[PDB]
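Coordinates from input-v3.cif are shown below (mmCIF, C-alpha atoms).
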```
data_target
loop_
_atom_site.group_PDB
_atom_site.id
_atom_site.type_symbol
_atom_site.label_atom_id
_atom_site.label_comp_id
_atom_site.auth_asym_id
_atom_site.auth_seq_id
_atom_site.Cartn_x
_atom_site.Cartn_y
_atom_site.Cartn_z
ATOM 1 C CA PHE C 1 0.000 0.000 0.000
ATOM 2 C CA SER C 2 2.945 2.373 0.362
ATOM 3 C CA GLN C 3 2.222 2.551 -3.386
ATOM 4 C CA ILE C 4 -1.179 4.293 -3.256
ATOM 5 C CA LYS C 5 -0.754 7.975 -4.113
ATOM 6 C CA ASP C 6 -1.521 10.809 -1.703
ATOM 7 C CA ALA C 7 -2.928 8.645 1.103
ATOM 8 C CA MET C 8 -1.984 6.753 4.278
ATOM 9 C CA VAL C 9 -2.936 3.086 4.198
ATOM 10 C CA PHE C 10 -1.746 0.888 7.039
ATOM 11 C CA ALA C 11 -2.605 -2.694 7.897
ATOM 12 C CA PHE C 12 -1.864 -3.662 11.466
ATOM 13 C CA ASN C 13 -2.317 -6.732 13.633
ATOM 14 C CA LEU C 14 -4.550 -5.900 16.594
ATOM 15 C CA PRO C 15 -2.641 -5.045 19.772
ATOM 16 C CA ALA C 16 -3.663 -8.645 20.544
ATOM 17 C CA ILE C 17 -2.894 -7.805 24.159
ATOM 18 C CA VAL C 18 -4.354 -4.746 25.890
ATOM 19 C CA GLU C 19 -4.099 -0.947 25.965
ATOM 20 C CA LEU C 20 -0.357 -1.002 25.333
ATOM 21 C CA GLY C 21 -0.364 -3.407 22.410
ATOM 22 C CA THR C 22 0.887 -0.916 19.850
ATOM 23 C CA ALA C 23 3.566 -1.028 22.558
ATOM 24 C CA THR C 24 6.699 1.125 22.494
ATOM 25 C CA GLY C 25 5.952 4.380 20.721
ATOM 26 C CA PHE C 26 4.702 7.222 22.850
ATOM 27 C CA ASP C 27 1.609 9.358 23.107
ATOM 28 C CA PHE C 28 2.776 12.956 23.506
ATOM 29 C CA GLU C 29 0.467 15.954 23.831
ATOM 30 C CA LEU C 30 1.228 19.570 22.971
ATOM 31 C CA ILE C 31 -0.695 22.019 25.165
ATOM 32 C CA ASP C 32 -1.585 25.689 24.714
ATOM 33 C CA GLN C 33 -1.146 27.020 28.270
ATOM 34 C CA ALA C 34 -1.947 30.647 27.443
ATOM 35 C CA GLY C 35 -4.597 31.872 25.031
ATOM 36 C CA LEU C 36 -2.152 31.440 22.134
ATOM 37 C CA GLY C 37 -4.650 30.165 19.594
ATOM 38 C CA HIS C 38 -4.776 27.435 16.958
ATOM 39 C CA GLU C 39 -2.493 29.206 14.464
ATOM 40 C CA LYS C 40 0.293 29.670 16.985
ATOM 41 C CA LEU C 41 -0.250 26.213 18.437
ATOM 42 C CA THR C 42 0.180 24.808 14.931
ATOM 43 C CA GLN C 43 3.435 26.712 14.424
ATOM 44 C CA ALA C 44 4.729 25.464 17.763
ATOM 45 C CA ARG C 45 3.850 21.950 16.553
ATOM 46 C CA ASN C 46 5.839 22.415 13.338
ATOM 47 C CA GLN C 47 8.815 23.784 15.227
ATOM 48 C CA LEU C 48 8.785 20.725 17.495
ATOM 49 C CA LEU C 49 8.408 18.291 14.603
ATOM 50 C CA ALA C 50 11.252 20.004 12.771
ATOM 51 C CA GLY D 1 -30.586 42.966 38.174
ATOM 52 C CA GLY D 2 -28.400 42.229 35.181
ATOM 53 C CA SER D 3 -28.889 39.803 32.318
ATOM 54 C CA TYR D 4 -26.850 36.956 30.824
ATOM 55 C CA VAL D 5 -27.370 37.325 27.066
ATOM 56 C CA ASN D 6 -25.167 34.737 25.401
ATOM 57 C CA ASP D 7 -21.530 33.764 25.065
ATOM 58 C CA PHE D 8 -18.392 35.227 23.509
ATOM 59 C CA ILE D 9 -14.797 34.009 23.376
ATOM 60 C CA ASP D 10 -12.007 35.650 25.377
ATOM 61 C CA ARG D 11 -8.456 34.689 24.437
ATOM 62 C CA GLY D 12 -9.790 31.267 23.524
ATOM 63 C CA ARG D 13 -12.218 30.462 26.358
ATOM 64 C CA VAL D 14 -15.994 30.568 26.201
ATOM 65 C CA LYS D 15 -17.248 33.273 28.566
ATOM 66 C CA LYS D 16 -20.443 35.166 29.365
ATOM 67 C CA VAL D 17 -21.910 38.435 28.079
ATOM 68 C CA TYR D 18 -23.826 40.516 30.610
ATOM 69 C CA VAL D 19 -25.911 43.597 30.031
ATOM 70 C CA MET D 20 -26.686 45.798 33.018
ATOM 71 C CA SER D 21 -27.013 49.434 33.954
ATOM 72 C CA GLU D 22 -23.945 51.434 34.951
ATOM 73 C CA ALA D 23 -24.011 51.665 38.774
ATOM 74 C CA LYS D 24 -25.031 55.326 39.267
ATOM 75 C CA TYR D 25 -28.306 54.652 37.446
ATOM 76 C CA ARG D 26 -29.303 51.762 39.739
ATOM 77 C CA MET D 27 -28.466 52.969 43.251
ATOM 78 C CA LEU D 28 -31.610 54.808 44.275
ATOM 79 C CA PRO D 29 -35.427 54.242 44.239
ATOM 80 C CA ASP D 30 -36.147 57.477 42.372
ATOM 81 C CA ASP D 31 -33.765 56.271 39.674
ATOM 82 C CA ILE D 32 -36.444 53.781 38.631
ATOM 83 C CA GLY D 33 -38.329 56.516 36.838
ATOM 84 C CA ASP D 34 -35.287 57.451 34.760
ATOM 85 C CA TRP D 35 -35.744 54.344 32.611
ATOM 86 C CA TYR D 36 -37.835 54.557 29.462
ATOM 87 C CA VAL D 37 -39.607 51.955 27.373
ATOM 88 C CA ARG D 38 -40.539 52.425 23.728
ATOM 89 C CA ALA D 39 -44.266 52.421 23.020
ATOM 90 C CA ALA D 40 -45.907 50.922 19.921
ATOM 91 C CA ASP D 41 -46.653 54.453 18.696
ATOM 92 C CA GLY D 42 -42.926 55.138 18.967
ATOM 93 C CA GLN D 43 -42.620 57.538 21.898
ATOM 94 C CA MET D 44 -40.673 56.919 25.109
ATOM 95 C CA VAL D 45 -42.598 56.355 28.334
ATOM 96 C CA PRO D 46 -41.050 56.440 31.840
ATOM 97 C CA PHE D 47 -41.675 53.869 34.577
ATOM 98 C CA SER D 48 -43.111 56.706 36.607
ATOM 99 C CA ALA D 49 -45.987 56.506 34.109
ATOM 100 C CA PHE D 50 -46.980 52.894 34.888
#
```

Structure translated into structure tokens:
Amino acid sequence: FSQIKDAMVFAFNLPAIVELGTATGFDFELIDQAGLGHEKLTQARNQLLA
Amino acid sequence: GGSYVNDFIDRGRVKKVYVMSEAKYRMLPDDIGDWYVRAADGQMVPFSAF
């Protein structure tokens, strides 16, 4: 499926365990602690991803 | 007594909108007559009149 143009298509085996089956990885969350706004929050996201 | 109209956003958070008289116009009994209501005919009538 990595073939398919302009789209994300992933096949995955169920965690087949629990709520930590996708294991490893990490679930991070970026918070807006002031009234920054969506635009600025987005930019902060890009800066972090960069 | 004041009146909660609807909501508005303030730096990202939903907050209230209140409409109420400026203090000096709601401190004394006689001040009740200073408020006018529009009549169907179109002229202003004071509370003192009803």

Apply the PyMOL selection byres ((chain C) within 8 of (chain D)) to the structure shown and report the selected residues as a PDB file with C-alpha atoms, in the coordinates of the input.
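The result, written out as selection14.pdb:
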```pdb
ATOM      1  CA  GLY C  35      -4.597  31.872  25.031  1.00  0.00           C
ATOM      2  CA  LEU C  36      -2.152  31.440  22.134  1.00  0.00           C
ATOM      3  CA  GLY C  37      -4.650  30.165  19.594  1.00  0.00           C
TER       4      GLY C  37
END
```

| request: Pull out every residue that the PyMOL selection byres ((chain D and resi 5) around 7) matches in the shown coordinates and put them as a list in words. | output: residues 3, 4, 6, 17 and 18 of chain D

| task | Could you check how far CA of residue 22 in chain C sits from CA of residue 9 in chain C, in Å to one decimal? | result |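 Interatomic distance here is 16.6 Å.
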
| task | Could you tell me how far CA of residue 48 in chain D lies from CA of residue 34 in chain D, in Å and to one decimal? | result |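 Between these atoms lies a distance of 8.1 Å.
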
| request: Skip range 46-50 of chain C itself and residues of its chain fewer than 4 positions away, then list as number ranges by chain all residues within 12 Å of it, counting only C-alpha atoms. | output: C: 28-30, 39-42
